[PDB]
Amino acid sequence: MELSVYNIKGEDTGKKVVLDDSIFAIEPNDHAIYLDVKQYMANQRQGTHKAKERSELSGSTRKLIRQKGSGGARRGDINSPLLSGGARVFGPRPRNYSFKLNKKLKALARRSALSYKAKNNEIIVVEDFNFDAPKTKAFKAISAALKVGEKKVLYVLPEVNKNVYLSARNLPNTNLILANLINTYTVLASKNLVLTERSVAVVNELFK
Amino acid sequence: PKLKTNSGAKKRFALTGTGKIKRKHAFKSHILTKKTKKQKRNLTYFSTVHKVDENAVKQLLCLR
Amino acid sequence: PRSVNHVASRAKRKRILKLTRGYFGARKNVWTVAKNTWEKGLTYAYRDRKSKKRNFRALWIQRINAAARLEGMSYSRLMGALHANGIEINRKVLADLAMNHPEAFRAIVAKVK
Amino acid sequence: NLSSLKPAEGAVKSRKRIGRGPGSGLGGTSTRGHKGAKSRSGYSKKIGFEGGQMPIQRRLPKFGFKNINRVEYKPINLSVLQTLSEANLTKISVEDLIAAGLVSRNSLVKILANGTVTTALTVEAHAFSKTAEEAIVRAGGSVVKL
RNA sequence: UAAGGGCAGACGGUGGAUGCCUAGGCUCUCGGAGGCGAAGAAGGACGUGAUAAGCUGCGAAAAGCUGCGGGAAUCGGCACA
RNA sequence: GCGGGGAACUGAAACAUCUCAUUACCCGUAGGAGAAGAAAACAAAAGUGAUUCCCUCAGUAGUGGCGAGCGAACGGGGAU
RNA sequence: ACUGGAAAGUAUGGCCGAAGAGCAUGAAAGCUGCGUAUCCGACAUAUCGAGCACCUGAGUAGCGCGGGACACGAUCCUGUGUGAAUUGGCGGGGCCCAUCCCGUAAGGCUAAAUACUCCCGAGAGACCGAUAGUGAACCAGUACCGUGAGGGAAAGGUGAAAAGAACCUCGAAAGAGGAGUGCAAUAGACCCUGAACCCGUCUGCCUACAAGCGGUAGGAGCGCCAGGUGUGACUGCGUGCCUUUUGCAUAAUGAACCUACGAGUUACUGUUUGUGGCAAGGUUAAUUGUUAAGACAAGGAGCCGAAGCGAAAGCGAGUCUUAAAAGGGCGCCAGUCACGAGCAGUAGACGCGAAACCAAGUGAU
RNA sequence: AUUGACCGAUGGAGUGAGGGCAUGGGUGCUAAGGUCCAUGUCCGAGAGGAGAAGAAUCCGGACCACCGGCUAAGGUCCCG
RNA sequence: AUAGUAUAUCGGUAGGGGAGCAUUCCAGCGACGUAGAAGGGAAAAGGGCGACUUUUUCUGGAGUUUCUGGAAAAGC
Ligand SMILES: [K+]
Ligand SMILES: [K+]
Ligand SMILES: [K+]
Ligand SMILES: [K+]
Ligand SMILES: [K+]
Ligand SMILES: [Mg+2]
Ligand SMILES: [Mg+2]
Ligand SMILES: [Mg+2]
Ligand SMILES: [Mg+2]
Ligand SMILES: [Mg+2]
Ligand SMILES: [Mg+2]
Ligand SMILES: [Mg+2]
Ligand SMILES: [Mg+2]
Ligand SMILES: [Mg+2]
Ligand SMILES: [Mg+2]
Ligand SMILES: [Mg+2]
Ligand SMILES: [Mg+2]
Ligand SMILES: [Mg+2]
Ligand SMILES: [Mg+2]
Ligand SMILES: [Mg+2]
Ligand SMILES: [Mg+2]
Ligand SMILES: [Mg+2]
Ligand SMILES: [Mg+2]
Ligand SMILES: [Mg+2]
Ligand SMILES: [Mg+2]
Ligand SMILES: [Mg+2]
Ligand SMILES: [Mg+2]
Ligand SMILES: [Mg+2]
Ligand SMILES: [Mg+2]
Ligand SMILES: [Mg+2]
Ligand SMILES: [Mg+2]
Ligand SMILES: [Mg+2]
Ligand SMILES: [Mg+2]
Ligand SMILES: [Mg+2]
Ligand SMILES: [Mg+2]
Ligand SMILES: [Mg+2]
Ligand SMILES: [Mg+2]
Ligand SMILES: [Mg+2]
Ligand SMILES: [Mg+2]
Ligand SMILES: [Mg+2]
Ligand SMILES: [Mg+2]
Ligand SMILES: [Mg+2]
Ligand SMILES: [Mg+2]
Ligand SMILES: [Mg+2]
Ligand code: NA
Ligand code: NA
Ligand code: NA
Ligand code: NA
Ligand code: NA
Ligand code: NA
């Protein structure tokens, strides 16, 4: 799959780039996508939740009333869960939610999402650009010139470009990622994918 | 934690190639003259654990 | 997260308490008394749907017996004469004819007598 | 596409939940029967127990001993040697056998006679069975024990 | 017919559930630090206001005294009159 | 953290060896950490060289009214 | 501009953005306020050669008796009684001896990688939201109980703003009816919303010849609003529910009623199975690098599969049994890593409940 | 002939206090709503109909609805 | 359930298996609300069946929610 290349002013320059066929033209595996996204959200979890069990309450372990003769229900100590203000039984405990996925499984799910993008025709290749200073109005021009600014868009960049990061930070529906840290969830979280002409070469060698 | 093997089972049983469990026979220790040679020869052989006891023996050996 | 279904748990009780309106005393509005009474009533209704077919056939036969006897014939002999003649009119129709259209009933009797 | 995710059919299933009413078919006694030891909270099975009768791991004797100088050889059969050589070779060796993932680095190799070794090879293994050695030497090969 | 009673509805009483909310909790991450005291500590008693129970701050110099840096129209604590 | 003393219920479907556990608890006394630490060491004719901590080795070798149970090290991969 | 008590809402048209985090403001604010991005700042104080046989640790090493620690019911420690040698020495390599190998006891000192949180600063949460969450959101280790050690609560919300109701009427005044404030007073101080059990008044129908778990299935009349709704003369059938039992209307157990609370959960190690990845191979653990916790890339140590038989030496599609054979036994003639689920064990392990045992204290008012 | 009712492998159980009746028996007193076995059956875990009212006697195995019809055991003077 | 509409079958305690509803919170695509959200009272209508859902009206005066997937302090 070869795609045309546009400039910042959103005008085709005739120059074309090629996308590796093993990355962008496979048959997507939808169960692989389901597992990679489930793993991503689980690894974002911080399981800091807890309620107090019976051995953690502040009451004394003394027997409240004698076993027989009182005429009511038999009772032990004040921390019983049957009592008002007593122990919480089988409540939350601090948990680690991460699980393992095979490395080859994650590589296949990355290719399936990129194949979905290539098939839905939501991939734009733009020439590499660098700003002299951070200006949010400058980066809005590229998005408006590329006609991807009314919906969530992802910019794939090959290097740091601190000026570019600061120019795109304030804009609501804009996400920036490095071309070597691409994961399944961030690809599928945006309607449009804007690849820089140097990020194509980075992706082709890495995720082949 | 890790499952623990029963110390007495790991000195009395063994596994074979297809998964059966090797065992010795009892009644072979000290009162021997009154038994027959056929009986003693049958008792000297190794045997396998019965199907109804395989579950317990595997639990003792940790499903091994 | 902590999940308590306060509104849903209370709505289940309120729906049933609409069905127990009209009962005597605490059986209409006190929850564990009323629910007990309502459940027992549903068991009666399943049994009483069946007994309805028994009671209405017995009432049809009694009316047919009185109408036939005014024309010199008991129920057992009249029914024996109808089934002998192939007439397939059912007891609900005949009882209605016995009570509200006595002239049509008399024509069925005059056909087998 | 995060709005329309779907797992494969029959891949996820709901967990069992007991003690939550009659309609589930799992309430009341909650799959435990009526009384006895097994119905109580905190019951666990005594693995070797048989009710008091002498258990099977006691009725039977112990046997044998383990040798602290035991030597085990990884078996590499004849038909593997001819397959690997043609696929990749006319002088087989342990470092070649390790390089093809057929044996671990620190492992000893004995050559056995399950197959044919028609191709004429010089072989360097730690040990050789009598029949396996004859198979190579008959087929115009060489056997080097080292 | 109704001394009284039954059921339904309307409108109220009582009570404080529910919904919404937070001023306080719970589990942690990252960085620092790991003491105070005979030059009298931790913790207390008694006092201290125009007015002064209780808290807070303070110590017979007692809601406080003196410098230096900051800051700019209100201020005499919670807290009113 | 390091020292000095030190239970029982419980498990062994009873119980005394054993277990619970060198735990609870009591007492003495440091530091920002403490203890350890530079081979009268491991290994097995092949080698590694102070101590500490993590992953393995391994529920293995052993130990045990050889019951219930208890349970290493060598070697390898790391932090430093 | 509209709606509104009140715009921050909605619809136009602008503008800023290294600032579209947030909180407050009469409803939901990038442009109202405090802020945020970014940049700039301290008078103080705090912190950052040959030979030679001279030496090389003594009540010590070692040993007997009795104990203790080592995974352990040769090695290390010692209460009691004893007791060496000196480089050709001494100690260890799991009784012990020989040989060989390794090392130098009876002197000492040393950072890092490890353990923890009374506390300070900055943050976060598929954690709670007032019977929850700390015992304690308020007043809290308080009130209260006990000789004492000690035990130990309940209790949040008017309104945007007190504008917290001048004045009149009935009353001795408590209480109300008005007036007024306010979007609202059925927001009026115990004040947001305002449920149930329980308690009244009114209206409609039924009820003083009638006898059983109180309903259910039929069925006139009457009263309301076009066939719906309230009631129910009269008739048929009908001994609550739970639990425990061979069997309960049972005169076996259990509950005054309502609202709220209340009992198979999680971690680790296995095993079976549904679904996937890779495939004669499968898979990384600790940890490391880059970026800004995550993400991506490394890390092959190890583990499982790949040959079995034999107690073992060892032989090997065979092996063991045999003096040998025949016979006979065991073998020969797609795995692995995950995700979901069932089950097992270790943890309090579905919940509540003993009589008791042990340790350290408090008590002879 | 037979709606398929049997077996192996492997995941999950519950049960291990039974009871009445008929037949063959022991015991008891040719007593017991007694007790201990065997063979069927039903209750247990089974509603409906007859027996006035009865766990297991006689008839009969309830997917739901019907103001349709034919029958079983047992009945047809009235309550019915 | 079998065969692909036909035949059979559908009483149930302990117990085994299948398929669903509601509740709290999260991700994604999206909606509703001072021209009246949640909650509370009344009424009507739905569902192979059900757990439940929808609409109208009074109160109330600020939040609520469809679908697909995910996790539980998930039902007296
Ligand atoms: K015995
Ligand atoms: K009220
Ligand atoms: K009368
Ligand atoms: K009693
Ligand atoms: K909510
Ligand atoms: Mg106690
Ligand atoms: Mg609590
Ligand atoms: Mg729970
Ligand atoms: Mg012997
Ligand atoms: Mg069941
Ligand atoms: Mg029950
Ligand atoms: Mg029970
Ligand atoms: Mg029992
Ligand atoms: Mg049982
Ligand atoms: Mg218990
Ligand atoms: Mg009311
Ligand atoms: Mg509340
Ligand atoms: Mg000044
Ligand atoms: Mg015991
Ligand atoms: Mg100090
Ligand atoms: Mg250190
Ligand atoms: Mg030795
Ligand atoms: Mg509280
Ligand atoms: Mg109101
Ligand atoms: Mg109110
Ligand atoms: Mg009379
Ligand atoms: Mg009894
Ligand atoms: Mg039973
Ligand atoms: Mg009865
Ligand atoms: Mg009674
Ligand atoms: Mg009892
Ligand atoms: Mg009672
Ligand atoms: Mg009772
Ligand atoms: Mg009750
Ligand atoms: Mg109760
Ligand atoms: Mg028994
Ligand atoms: Mg028995
Ligand atoms: Mg009997
Ligand atoms: Mg008899
Ligand atoms: Mg008996
Ligand atoms: Mg039966
Ligand atoms: Mg049937
Ligand atoms: Mg059924
Ligand atoms: Mg719950
Ligand atoms: Na049950
Ligand atoms: Na009256
Ligand atoms: Na003075
Ligand atoms: Na032979
Ligand atoms: Na309204
Ligand atoms: Na409830």
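By convention in this document, chain letters (A, B, ...) are assigned in the order of the sequence lines, proteins followed by strands, and residues within each chain are numbered from 1. All values below come from the heavy atoms of this structure, side chains included, with hydrogens, waters and symmetry mates left out.
Side chains of D:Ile18 and D:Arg32 form no contact here, defined as non-hydrogen atoms less than 4.5 Å apart. Counting heavy atoms from C-beta on, the side chains of A:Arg111 and A:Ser22 never come closer than 4.5 Å. Annotation: side chain of A:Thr184 is not in contact with side chain of A:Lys106 (no heavy-atom distance under 4.5 Å). For the pair C:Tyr75 and C:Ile61, the minimum side-chain heavy-atom distance is below 4.5 Å. Looking at A:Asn43 and A:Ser98, their side chains come closer than 4.5 Å, going by heavy atoms from C-beta outward. Put simply, the side chain of B:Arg23 does not reach to within 4.5 Å of the side chain of D:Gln57, judged on heavy atoms. Inter-residue side-chain proximity for C:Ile64 and C:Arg91 is flagged as met; some heavy-atom pair is nearer than 4.5 Å. For the pair C:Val112 and C:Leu78, the minimum side-chain heavy-atom distance is below 4.5 Å.
Residue C:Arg13 qualifies as enclosed at atom CZ: its count of foreign heavy atoms under 6.0 Å is above 12. The 12-atom threshold is exceeded at NZ of C:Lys53, counting heavy atoms of other residues, nucleotides or ligands nearer than 6.0 Å.
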*asked:* Between A:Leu154 and A:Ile177, is the side chain to side chain contact (heavy atoms under 4.5 Å, CB included) condition met? List the steps.
replied: CA-CA 7 Å; A:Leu154 164 69; A:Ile177 210 183; 3.9 Å; yes

*For side chain to side chain contact (heavy atoms under 4.5 Å, CB included), just list the numbers for D:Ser39 and D:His34, CA-CA rounded to whole Å, side-chain angles, deciding distance to a tenth of an Å, and then say yes or no.*
CA-CA 7 Å; D:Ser39 93; D:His34 269 315; over 6 Å; no

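The ring pair (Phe, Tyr, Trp, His ring centres under 6.0 Å) test applied to A:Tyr40 returns A:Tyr185, not counting sequence neighbours. Among residues two or more places apart in sequence or in another chain, the side chain to side chain contact (heavy atoms under 4.5 Å, CB included) test is passed with C:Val30 by C:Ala26, C:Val33. Take A:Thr48 and apply the side chain to side chain donor-acceptor pair (under 3.5 Å) test, not counting sequence neighbours, and it matches A:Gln46. For the side chain to side chain donor-acceptor pair (under 3.5 Å) test, residues two or more places apart in sequence or in another chain that qualify with A:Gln67 are A:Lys63. With sequence neighbours left out, A:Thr61 forms a side chain to side chain donor-acceptor pair (under 3.5 Å) with no residue at all. The side chain to side chain contact (heavy atoms under 4.5 Å, CB included) test applied to C:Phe56 returns C:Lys52, C:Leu59, C:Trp60, not counting sequence neighbours. Looking at residues two or more places apart in sequence or on another chain, you find a side chain to side chain contact (heavy atoms under 4.5 Å, CB included) between D:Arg17 and D:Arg15. For A:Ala32, the side chain to side chain contact (heavy atoms under 4.5 Å, CB included) partners two or more places apart in sequence, or in a different chain, are A:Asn29, A:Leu105, A:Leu108, A:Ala109.
Side chain of B:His25 to backbone of B:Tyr45: a donor-acceptor contact under 3.5 angstrom is found. Using modelled atom types, one side-chain atom of D:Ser24 and one backbone atom of D:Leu26 make a donor-acceptor pair closer than 3.5 Å. The backbone N or O of C:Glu103 sits nowhere less than 3.5 Å from a side-chain atom of C:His101 that would complete a donor-acceptor pair. A donor-acceptor contact shorter than 3.5 Å is absent between the side chain of A:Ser112 and the backbone of A:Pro28. Between the A:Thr174 side chain and the A:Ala168 main chain, no donor and acceptor come within less than 3.5 Å of each other. Between the side chain of A:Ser80 and the backbone N or O of A:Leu82 there is at least one donor-acceptor pair closer than 3.5 Å. Put simply, the side chain of A:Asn79 never gets that close to the backbone of A:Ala87: no donor and acceptor are under 3.5 Å apart. For C:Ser9 (side chain) and C:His6 (main-chain N/O), no donor-acceptor pair under 3.5 Å exists by modelled atom type. For the pair A:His31 (side chain) and D:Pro7 (backbone), a donor-acceptor distance under 3.5 Å is absent. Side-chain atoms of A:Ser115 come within 3.5 Å of backbone atoms of A:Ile26 as a donor-acceptor pair (strictly under, hydrogens ignored).
For the atom pair OG1 of B:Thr48 and CD1 of B:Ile21, the computed distance is 9.0 Å after rounding to the nearest 0.5 Å. Put simply, CD1 on C:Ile108 and NZ on C:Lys113 are 15.0 Å apart, with the number rounded to the nearest 0.5 Å.
Pairs passing the salt bridge (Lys or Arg N to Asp or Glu O under 4.0 Å) check and including a residue from residues 79-100 of chain A, sequence neighbours excluded, read A:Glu53-A:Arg93. Each salt bridge (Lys or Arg N to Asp or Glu O under 4.0 Å) pair with one or both residues in residues 65-82 of chain A, not counting sequence neighbours, appears once here: A:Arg54-A:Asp77. The salt bridge (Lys or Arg N to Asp or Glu O under 4.0 Å) pairs that include a residue from residues 49-60 of chain D are D:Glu50-D:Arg59, where partners are two or more places apart or lie in different chains. Applying the salt bridge (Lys or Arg N to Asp or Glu O under 4.0 Å) rule to pairs touching residues 33-49 of chain D yields nothing, sequence neighbours excluded.
Relative to the ring axis of A:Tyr97, A:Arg45 places its NZ or CZ within 45° and under 6.0 Å from the centre. Taking the ring axis of B:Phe46 as reference, the NZ or CZ atom of B:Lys24 stays within 45° of it and closer than 6.0 Å to the ring centre.
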